[PDB]
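Below is one structure; the comments refer to it alone.
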Amino acid sequence: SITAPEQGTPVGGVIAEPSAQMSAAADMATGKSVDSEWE
Amino acid sequence: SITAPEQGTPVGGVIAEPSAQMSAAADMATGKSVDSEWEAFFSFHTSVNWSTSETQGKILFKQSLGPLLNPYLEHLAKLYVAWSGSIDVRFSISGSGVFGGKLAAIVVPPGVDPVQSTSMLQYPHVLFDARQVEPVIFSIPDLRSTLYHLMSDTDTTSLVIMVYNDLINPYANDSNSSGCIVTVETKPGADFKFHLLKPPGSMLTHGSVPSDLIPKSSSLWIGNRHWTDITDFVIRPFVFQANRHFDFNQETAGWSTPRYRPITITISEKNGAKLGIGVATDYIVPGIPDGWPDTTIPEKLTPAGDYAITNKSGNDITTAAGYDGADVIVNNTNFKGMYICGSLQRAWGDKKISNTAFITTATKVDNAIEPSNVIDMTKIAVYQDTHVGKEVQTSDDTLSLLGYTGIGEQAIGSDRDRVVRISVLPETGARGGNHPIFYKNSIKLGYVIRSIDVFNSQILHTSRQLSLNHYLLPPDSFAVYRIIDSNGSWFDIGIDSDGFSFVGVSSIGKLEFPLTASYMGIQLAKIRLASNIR
Amino acid sequence: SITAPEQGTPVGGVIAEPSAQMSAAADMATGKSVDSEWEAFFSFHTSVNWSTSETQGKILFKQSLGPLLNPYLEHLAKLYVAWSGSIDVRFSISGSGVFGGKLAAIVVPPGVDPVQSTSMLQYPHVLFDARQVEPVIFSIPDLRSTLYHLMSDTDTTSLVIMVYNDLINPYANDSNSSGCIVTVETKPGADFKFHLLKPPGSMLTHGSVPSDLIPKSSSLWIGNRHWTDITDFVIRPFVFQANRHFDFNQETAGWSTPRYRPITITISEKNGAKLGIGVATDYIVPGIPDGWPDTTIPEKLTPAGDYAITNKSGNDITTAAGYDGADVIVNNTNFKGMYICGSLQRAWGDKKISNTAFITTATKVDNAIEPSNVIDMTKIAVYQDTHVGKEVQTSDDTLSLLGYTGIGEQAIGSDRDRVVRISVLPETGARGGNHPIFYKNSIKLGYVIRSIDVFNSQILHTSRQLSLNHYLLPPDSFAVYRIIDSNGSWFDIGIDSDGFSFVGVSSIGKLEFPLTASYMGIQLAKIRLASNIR
Amino acid sequence: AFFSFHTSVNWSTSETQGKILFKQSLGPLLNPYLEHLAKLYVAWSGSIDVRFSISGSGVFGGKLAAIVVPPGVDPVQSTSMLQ
Ligand SMILES: [K+]
Ligand SMILES: [K+]
């Protein structure tokens, strides 16, 4: 009955998958900090 | 000495070689699992309506086996001579647990002409209900006498859906049929395999599907009989046209082609003849020009003078309020049911610049004409003054269909007896619960500013593509297209092999004409189409 | 409930199931044990001749990486969007053993455009001799800045052969000249994957690939200035047109549309005014009727009466021998440079036969007209004898382009002083060695039955598609379509973003016109277009 | 770590088999928090999640269909996308 703030049925990426080998590629080109750069 | 289809000594990309580490990064971008994606999901094929009226022993769906049931295969069948194997066809009913009505499903062996009869259920039938949750599959097998089929074979397994319990819904009406639609989807199946590769050239390229038979808008649309735009759809239980009415066999009873070009003819006279027997200069049928129209005169008449119309049978009137302010209209004219072509009216050594023409089919007798509708090389008719004194003229001419004369009339293409056919008139009646239609198209009138309403069987663009491209359809099905007026309403249209449009509603009325069109799929002919109005 | 791209409860074939014992029998007949054969057998792509006259530093072969180097891949790319990985390019050669000569091979990186000079050899190169026996491979890697490519990517790796050391026939004199050949084949490689499956019938966002601008056959061809069929091509250094010249930005500077319909207008003549100023009724630009032509009167003149010609003081022709035998046809007529316009000419009271019309763009001066090669709402001009009697008429009208009356002139469109722009005259000179072309059309004439020529920048269908369908063409590039007559004489046409065609030869001559047009691809305007003539 | 409202539609009765109810290319604009932060960056990378809720608690029949079209295409208002 209730649906909570983060409650749903994950079917997800139908054709693909939100990979992780890729996001770190964007990271290494631009560098990072702990989710903030104005500190 | 010999070298095989792969042999050859390698040296490799000299500055660098192909790095698999690179190509993996491409697969890292996508979710590239494996090629041949089409073997791992479903594809839309069509969608069939199922109204209240579909009494049982009446079919919805019927498709033989083959690759054409999944276009990804249809694109690859051009590379392989032969194929073999199964095919899975998904099913799914609209109406989410709301409706009733079981629905059968039969695979038949090859070599049959199925029938809308319950005897088809004297056979192993699977049933499923309109309260279906999970869609349904029905893996078709490939039953055959030969090791591998070809692309041309037809004697194959074939699936059918037929009704087993008529539905129930209190949420529909006799006119519209919004509701049940039976989506069908396909997938090749595990054992499916092409066979016997071929080089391109050959790439035969047949299997053309109806997808461009109509544009996706109105402003491109024009009737085949007359050049003006469409503004309305008209129903009539019968239907008839021959001039440009083309069928999927890429032929007709029509002397004409689907191009609104002018008409070149070399009329000839002796002394003072206004009228003469126009003769061909371009044609496809001997004697008859291309683009030549189809409507006879109503009656015998001696074309000899000017326009004249009279209200009340007691007057003569030359203005709008007198036109509308009229008991009736009489048309005491001598070229009544005629046309208004342009008539460049050339000749050798003939000044006295071109005048306007007036043309129909009719049989000419020495000063007059009479309606004949069986057109031949003699029935052509003209009434342009080419300035002929006492000598043969040899007047070449060109003519472009441009208007009408028969004021008092209120439509064209409604009296079949006046329609010009060579010998045969294509014609249909209602089918399933669907009915024919015409496409209305306003037209000029001549002396009076008003217009009048034509009936048309075919958009030109429809009739052009049939002239050329070998589209595929069985004899007893449509090539359904959809229509959406700009009020959000909609209705569907079917197209038989003959070319006659068909519809499923009882009425249309007024509608937001700036509308669109799209292609849903194929539908068996003998079923009421879908609709939703207001 | 929530069903996935494959989810569905199975039931199986009801009478049978796919018997995998069967399908092996198909694999038993054929050699079908493996899919994707094209990854393991070479394929012709082209062939080359190499002779003693071809000196050192010449470039024989030059092809860029892509799928098109193996037409199987050219056929499968239509499903997909992207590609990544390498290609193999087999080289095979057979020389006598007495011959010599060494022949190079270079993969070059992207971004470059090679040059027929030895400085290209100041770079890693692999050689091989005409005595070579076993074929050679030269895997072409993919050296790219992106994770993958689309199909519209030319900035790729590429390959070249070049004549390192020339060919030697010791027995041959220096006068006679022999030469071996070189055959090339390809294969996709191993790391060569496509990507990013396309859902048909999608519309790629940057635009589709132009392969329908020109209809293949001829009979579908008509020009963008007059409806008559093409018959021949015409070269000019300069070209220009605005009436229907639509670029790949789907716009123009014109006023008209790609439909040869009639032209409704209204006209408000008073006293005996044969002429007037017709006003707009249907358009896309305010105050200009759609489909209106683009050509001024050559000179000022007084529209008065009927035709007039001469034979230099003054023996008027009234036949063919005088005309075709005449020297000049000076055309003393007083309505010279106008079209002919079939002329319905309705109104209240004009119970007449709708005399014929003549038009141009020009300013009236109280009885007559002055040329003006810019259209406004005013330049529109008429001469059609509306049967006026100081009983102000206000006739509605509708016309049709048929011929022309400026007898003896050159073909229309070769005089920008006359042509009717608004503000901008679209135009090109040449680009590279490739020259423009008009398309010719025979157009009709009024008095003498002969016909004059027209110039057309574009086929109509070439212009219709650009009104609608957003395409890709980098402005430095061409869309290359290939022509073949009945004999076999071919030449390639180029088409620019603007729309003006181009060709890579100074003349054509005569050819069996039932010709066709085929697609080849994109090519850079900085390069000449090919031609095999006679 | 939660879901954020974006918009709302009206899948009324007069809509048919092939219409589109929603179509948005990827970006921060699918969440009004992220859009307020895209002003502080010139870049992004990664998936976004979505959630729907239809208001037919158990009544309204009828279903929808979703597609993840790739980058480069520009989908159309027909059924063909369901191939
Ligand atoms: K004449
Ligand atoms: K009149």
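Here's how to read the names in the structure tokens: chain A, B, ... by the order shown, residue numbers from 1 in each chain, ligand numbers from 1 in the order shown.
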Identical-sequence pair chain B and chain C: C-alpha RMSD when superposed in order: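 Answer to one decimal place: 5.4 Å.
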Environment of ligand 2 within 7 Å, counting only C-alpha atoms and all ligand atoms, reported as a PyMOL selection string: (chain B and resi 446-447) or (chain C and resi 345-347+350-354)
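Among C:307, C:394, C:273, C:102, the residue with the shortest atom-to-atom distance to ligand 1, counting only C-alpha atoms and all ligand atoms, is C:307.
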Selection near residue 417 (chain B), 12 Å with only C-alpha atoms, sequence-local residues under 5 positions removed, as a ChimeraX atom specification: /B:240-241,294-298,371-374,412,425
Interface, chain B side, toward chain A (8 Å; only C-alpha atoms) as a list in words: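 The answer, sorted by residue number, is residues 28, 29, 30, 31 and 32 of chain B.
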Residue hits in chain D, query chain A, radius 10 Å, only C-alpha atoms, as a PyMOL selection string: chain D and resi 1-4+44-53+57+66-70
All residues 9 Å or closer to region 299-304 of chain B, only C-alpha atoms, same chain fewer than 2 positions away omitted, as a PyMOL selection string: chain B and resi 274-275+296-297+306+333-337+367-371+383
Atomic separation - CA of residue 465 (chain C) relative to CA of residue 402 (chain B), Å: 27.0 Å
Residue 64 (chain D) surroundings by only C-alpha atoms, 12 Å radius, close-in-sequence under 6 positions cut, as a ChimeraX atom specification: /B:94,96 /C:1-3 /D:11,15-22,52,54,82
Residue nearest ligand 1 - candidates B:316, B:396, B:88, B:153, atoms counted: only C-alpha atoms and all ligand atoms: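 The shortest atom-to-atom distance to ligand 1 comes from B:396.
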Residues of region 323-417 of chain B in strand (DSSP E or B), written as an NGL selection string: :B and (329 or 361 or 363-364 or 369-370 or 380 or 395-399 or 407 or 409 or 412)
Residue list for chain B near chain D as a count of residues only, 6 Å, only C-alpha atoms: 6
